[PDB]
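Residue numbers (the authors' numbering), protein chains in the order written: chain C, 1 to 102, 108 to 302, 306 to 363, 367 to 566, 570 to 575; chain C', 1 to 102, 108 to 302, 306 to 363, 367 to 566, 570 to 575; chain A, 237 to 415, 415A to 415E, 416 to 443; chain A', 237 to 415, 415A to 415E, 416 to 443. A prime marks a further copy of an entry chain. First comes the structure, then the notes that go with it.
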Amino acid sequence: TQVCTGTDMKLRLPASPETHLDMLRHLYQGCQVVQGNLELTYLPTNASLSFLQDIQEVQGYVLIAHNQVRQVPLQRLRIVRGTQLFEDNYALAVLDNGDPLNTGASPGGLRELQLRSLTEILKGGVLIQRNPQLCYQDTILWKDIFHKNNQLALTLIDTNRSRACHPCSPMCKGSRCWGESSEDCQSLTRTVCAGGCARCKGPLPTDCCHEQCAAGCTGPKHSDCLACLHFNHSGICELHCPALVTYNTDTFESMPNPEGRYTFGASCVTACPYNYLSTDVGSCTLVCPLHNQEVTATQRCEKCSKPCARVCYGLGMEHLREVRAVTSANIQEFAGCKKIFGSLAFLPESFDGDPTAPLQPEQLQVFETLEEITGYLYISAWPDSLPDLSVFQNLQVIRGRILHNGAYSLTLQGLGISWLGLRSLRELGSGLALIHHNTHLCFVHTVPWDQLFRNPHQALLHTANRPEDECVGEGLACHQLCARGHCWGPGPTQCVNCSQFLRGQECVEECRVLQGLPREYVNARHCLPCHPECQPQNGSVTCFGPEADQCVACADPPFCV
Amino acid sequence: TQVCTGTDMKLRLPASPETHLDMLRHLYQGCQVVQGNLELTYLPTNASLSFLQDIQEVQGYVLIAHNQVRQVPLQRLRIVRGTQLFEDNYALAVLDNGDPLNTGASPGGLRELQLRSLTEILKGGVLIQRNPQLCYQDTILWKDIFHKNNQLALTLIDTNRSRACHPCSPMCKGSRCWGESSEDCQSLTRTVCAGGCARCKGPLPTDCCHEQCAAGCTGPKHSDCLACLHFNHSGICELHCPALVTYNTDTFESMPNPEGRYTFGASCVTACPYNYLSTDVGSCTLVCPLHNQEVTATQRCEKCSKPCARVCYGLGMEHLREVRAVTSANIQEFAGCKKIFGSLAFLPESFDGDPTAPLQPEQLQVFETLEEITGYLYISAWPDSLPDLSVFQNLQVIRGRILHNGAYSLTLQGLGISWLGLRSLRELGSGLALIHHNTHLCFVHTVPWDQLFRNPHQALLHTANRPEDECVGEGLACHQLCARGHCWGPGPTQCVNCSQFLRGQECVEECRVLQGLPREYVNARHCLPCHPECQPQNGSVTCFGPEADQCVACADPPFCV
Amino acid sequence: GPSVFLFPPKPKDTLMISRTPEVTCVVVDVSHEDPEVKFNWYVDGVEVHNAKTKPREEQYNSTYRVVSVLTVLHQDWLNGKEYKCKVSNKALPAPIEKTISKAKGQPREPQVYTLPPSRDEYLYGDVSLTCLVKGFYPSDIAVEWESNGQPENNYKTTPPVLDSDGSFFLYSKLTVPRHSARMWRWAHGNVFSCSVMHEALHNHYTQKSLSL
Amino acid sequence: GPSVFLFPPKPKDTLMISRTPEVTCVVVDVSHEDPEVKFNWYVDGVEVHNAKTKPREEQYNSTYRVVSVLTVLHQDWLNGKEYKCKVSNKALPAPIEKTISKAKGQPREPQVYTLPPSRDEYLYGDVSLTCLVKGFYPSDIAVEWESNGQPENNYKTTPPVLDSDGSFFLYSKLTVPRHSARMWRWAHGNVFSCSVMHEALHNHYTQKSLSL
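In structure tokens:
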């Protein structure tokens, strides 16, 4: 809500960097901190980055590379925790932020970092290599930002530099300039501290700071802290959140503890937010762990009345963690799976010999069964012989916890289909939408994506597809009876809230009652098939209830025969 | 219907031989033939045996012994097949039919057999030892009744005899007298036959008889037969009944054969009678065989959509065939068994050390679960500390295929309970009822046993129990609201068709609607508990439907809260 | 000046043999000084003089009420016959002649049924119970209730009305108060029904059960 | 001799501001040789002479029909007020004075609801649809139908009746023929309801939906 989530790009190459540019204004605008890795790549001088004005914390590896900007408005950031690390080693890295190719007055890269607000680090190092055109590196003695731990967590810095530097500001103690301005001086919290004291605003024990606290403090008291180690408990720096329950004196007799709080994203809170999980263990997370499955009550994760229930898993799971994508194999592994516990995606590597075996169109339609997934999606190619993707005639929701490149609920690009028909959607969990490079595609802007969203951060970036202004060619349009034009494709089947009544999947005027041979009755704006035994009638409606009872046209006492 | 069934007495000792006397007038009166073993034991001169006038066939071993009558009205019998054999060896036996203890003029046993109608035998021999006071044994050359098979099926005859005999009638060929009267001469169908001919009314090939036919014939044609080998197909002697279906020329393509007939009790018929089974194999029987279970459509026996379904078995089954009765063991083996596939019984051997372990009262009440059994019952003892048998508060039917001593659907005697409460019975399969030796017992004749019957042959023999004329002492009577007095015991619970309404199991006037705190509503002459959420009311009925909807007193839109 | 009309028989009594309907000729508003009166019953203009007249009854009008009952075997009314009550006085110089009788048209077999009250009409208090009839002819009809064979009295009903179908239609209300005997059975869902009587009815009677 | 009475306003027009009810004074049976007549409208005995009289209309009686409309603002009728139609002729020497007006008592808020037809009353042909009201006072009331906002005309209804509750009660029939527009919606279970208008009604109106 008031925060954003990490990502998984690793020197990744997105498409249409104008979308990459809009890829994050919906993510980080109104965001305080990140739950994972922060990844910045491929950005020219042109940059509307004000939304990054207010950032304070990180949980995973930060990353910049192949970025050709002259400034970054990153300030007020004072924490990096490094739960995830570049190459499983570094907390933050920088590489090849310049231009080796071609009037305009500019260097072609970045000159200075300017990150005075940074004061605390946890597990992880830093790398900065092959980063020409920038100065004020090797300037501030990173060690004084590290903890008493990770003193041996090495780093590495670039020396091959093009342009000359400037001496640090005279208003700064030594040579600690993130930037030439005094506004980029430095304070530290390692050496000057009171002996074993971890952090301090000054060598005074009165200036010393609490152990669990970090980044210094206006005073060693909790409220006066600056960087709470593991959470900001209503404005407090405590080590662990209060337990949910408590056991009695010396008895196996538990009882709830109202002051208890679930563990999540450095925030002791009452309940778990949407898209997340609840556990008797006491942690909101994105996975229901070992010997522990999911139910509702809105989601929760606890054991059932049986060993681990046997269900279908998707990619990224306990046995599909290092998978690339789908292939000839593990396709019928989704046979009639009502609900998958993973993710999936399609690439050309599937539609190619892979000497193994490739895939085929007809070995499909299993997705007429699926009713829910846990992860994300991603597509790259698709055969021309398949006009649409009706195979998904009915899927309820994505509910994508894990995301592609740590950001997308789904992805699709590089195809040649004409339209789409994912009609049974009313909701979407975390993750961001994305689409482009779909030549024949139409009926795109016939969708109220905002409705499907459940997180305000979400949006949709779309381009490189035939627009409505030209799709109307030959007379394309949302179906007639589909309310307010909320179609996914042609035919009434693709409706959502069609005021007229439907047959299984066909909204039309006539729930033909008595004027169609297989008679019908009505319920919930939907047509239903009359009973078999109830003989055909022709005066008025032939049936009155689904079952054999509540009938009229008889062909045991209440039944027909 | 027009026949009776075999039994399993083997020199058995019934109780109150006045019941043993009535034990069979309901079995064999109006019976043509038997489906199993015929067993005659313990009968004095006093005998109303006219119901045995018309008997024609047998399927198992015939038996007489310890019988002190001077005559037997057994005639018109001409077949014995011997599917079951005394000592698994003999087709018919006779032993110790006399009196070794003490005016009246009588010998004290039987003098002559008189069985001229007998002409055919199958697998099995005969024994007659220690049978004093009878003549005309070793008289008729049994071999000429045997088949070309079983020529080596030995026999054995008594010679120790008390009273002198008389020469056979002069109107009989040699010395073939079942009795001194010419009406007991003999004809045979072995030696005089036309060479290999099996049976004949004379040495003429025109007098020869059909192979499959037996007992002779008025002519070798089927209709002219006398003893059909394996069935009397609408008046025909064929070997095997017509198949139910037929496969096409050379294809795995089946199709029904209307002329097909199920195999059972030597009678090719359309369907299987009540209490019996139907099989795609093509045989009505009393057991659903290997890898083959039961459903309805009224019963049928075929495989299901899974290997042999795991359910509970009773005594006499594939692993309880040679069991005596219940013990400390195999008692919790009935845990929550909705439907047993066997039989059971209780003896004192259960309630005794059996050094193993004995049983206990409190380790019971599993029979509040059972809803159907396949076999019979039998009881001999029971502790005084248990007044009743309410533990069977709900059992639907016995449906007893197998029977104790091959005759009883259930048995009970030798106890000291006051009453009984088997209330949820409306039907009973094969088997005969029996009861006696129940001192404290009352509320016995409050039962319409005839209603529970499903076979006209059934009845009930009862005695040696306190009668109604004295049970009324202290004011015993069927419950008030129980219709027409059809009680099993006191309290409304033991009702059957109580016009007044019931709570789970209590028939009373007041389905207290609004005058009892836990409110209620009505359906099917039965009280139902109102919804929880529907708040208490006091104007009129508080609820209108079982579920949260169809309520009035609210404490989501249609629900209360 | 004064004027007087008569009263017809009761359908509940007609169409039922043992019952005895009553063609009745009431008279009111006697003169304070000229009250004398006498009756004469005619059949199409044929005097019989076989009626049973009753005494008088004073009223708040300072006058008296007079009436006489007329006997019926139902036949002539079943097949159709006119009656006439001839009265007189001195306050009026003219006699009376009224052509009251049964009517005829296309008789309609009563289309009948039962229906419950509405979930929303439950409220708290005197609940309603009903029973309807339509497609019947003529309007001369009256019905009653029955309950497991026993009667009910707290009921009421409405007259008939014409529509485009050329027949009549109406319902009958049954008051059912709280904590009372009217609802105890209903809540317990026993045999409720509508005892109907009408000319066009097969055997002059039908019935329809009712419960939950 | 001859005699004449008037006609009251229509409840459908009363209790509705934009509508204009009409107190109407019909006259019939003119004399073949003395037909003249003129009106005068009084209020408790107060002449206004502000009515709109209409021409004549002959009848099978060989006479003419006469009438005049009277204007209304509803107030005086809403709070209570008497009217009087003064007519005359030569065949009768006396004028006319009628105290027709609204009545008053204990007003009762209409107890209202909807109900379906009976499974057994389905038959084949013109099915019935109904809507009932009780616990209302006084009897001056008329209602109509509505369907998804659209009206219906083939309906009919019944007058009210008294019972032990001191209020009134009745229902309204709605013909619904085969293969017609009356039933197409019903089978398809759309918004049917009963548009009711009455004095005691909160805001002088309520409504109750209906469907399957």
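Each residue gets a CB set at the ideal place from its N, CA and C atoms; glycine is no exception.
For residue i, collect the residues of the same chain with a Cβ closer than 7 Å to its Cβ; drop the 5 residues on either side in sequence, then sort them by chain order.
i: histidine 490/C'; result: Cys498, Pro501, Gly502, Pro503, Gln505, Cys506
i: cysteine 293/C; result: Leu282, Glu299, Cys309
i: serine 435/C; result: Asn405, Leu406, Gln407
Below 6 Å CB to CB, which residues in the same chain sit around residue i once its five sequence neighbours on both sides are set aside?
i: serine 259/C'; result: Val250, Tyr252
i: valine 94/C; result: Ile64, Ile133, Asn136
i: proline 238/A; result: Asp265
i: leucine 139/C'; result: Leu115, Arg116
i: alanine 317/C'; result: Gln298
i: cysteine 518/C; result: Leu492, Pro503, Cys506, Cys509, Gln511
i: residue 598/C; result: Outside the shown range of chain C (1 to 575) lies residue 598/C, about which nothing can therefore be said.
If I follow the unbroken alpha helix (DSSP H) through residue i, where does it start and stop?
i: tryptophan 415E/A; result: 415B-419
i: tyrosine 28/C'; result: 25-28
According to DSSP, which residues form a beta bridge with residue i?
i: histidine 447/C'; result: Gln424/C'
i: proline 540/C'; result: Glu531/C'
i: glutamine 307/C'; result: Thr301/C'
i: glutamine 134/C; result: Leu95/C
i: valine 519/C'; result: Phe512/C'
i: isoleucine 348/C'; result: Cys320/C'
i: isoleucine 64/C; result: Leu40/C, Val94/C
i: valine 427/A; result: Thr437/A
Where do the ends of the beta strand (DSSP E) carrying residue i lie?
i: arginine 301/A; result: 300-306
i: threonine 160/C'; result: 160-162
i: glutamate 39/C'; result: 38-41
i: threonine 19/C'; result: Premise fails: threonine 19/C' lies in the alpha helix (DSSP H), 17-22, not in any beta strand (DSSP E).
i: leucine 351/A'; result: 347-351
i: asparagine 276/A; result: 276-278
i: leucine 365/A'; result: 363-372
Could you give the DSSP three-state label for residue i: helix, strand or coil?
i: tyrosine 391/A'; result: strand
i: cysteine 482/C'; result: helix
i: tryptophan 393/C; result: coil
i: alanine 337/C'; result: coil
i: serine 288/C; result: strand
i: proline 261/C'; result: strand
i: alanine 494/C; result: helix
i: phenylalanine 378/C'; result: helix
i: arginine 344/A'; result: strand
i: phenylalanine 359/C'; result: coil
i: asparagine 476/C'; result: strand
i: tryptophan 381/A; result: strand
i: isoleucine 126/C'; result: coil
i: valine 402/C; result: helix
Give me, in chain order, the residues of the same chain whose beta-carbon lies closer than 8 Å to that of residue i; leave out the 5 immediate sequence neighbours on both sides.
i: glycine 361/A; result: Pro413, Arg414
i: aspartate 96/C'; result: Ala65, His66, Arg135, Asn136
Just confirm the distance between the C-beta atoms of residue i and residue j, as a whole number of angstroms; I'd bet it's less than 8 Å.
i: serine 408/A; j: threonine 366/A; result: 7 Å
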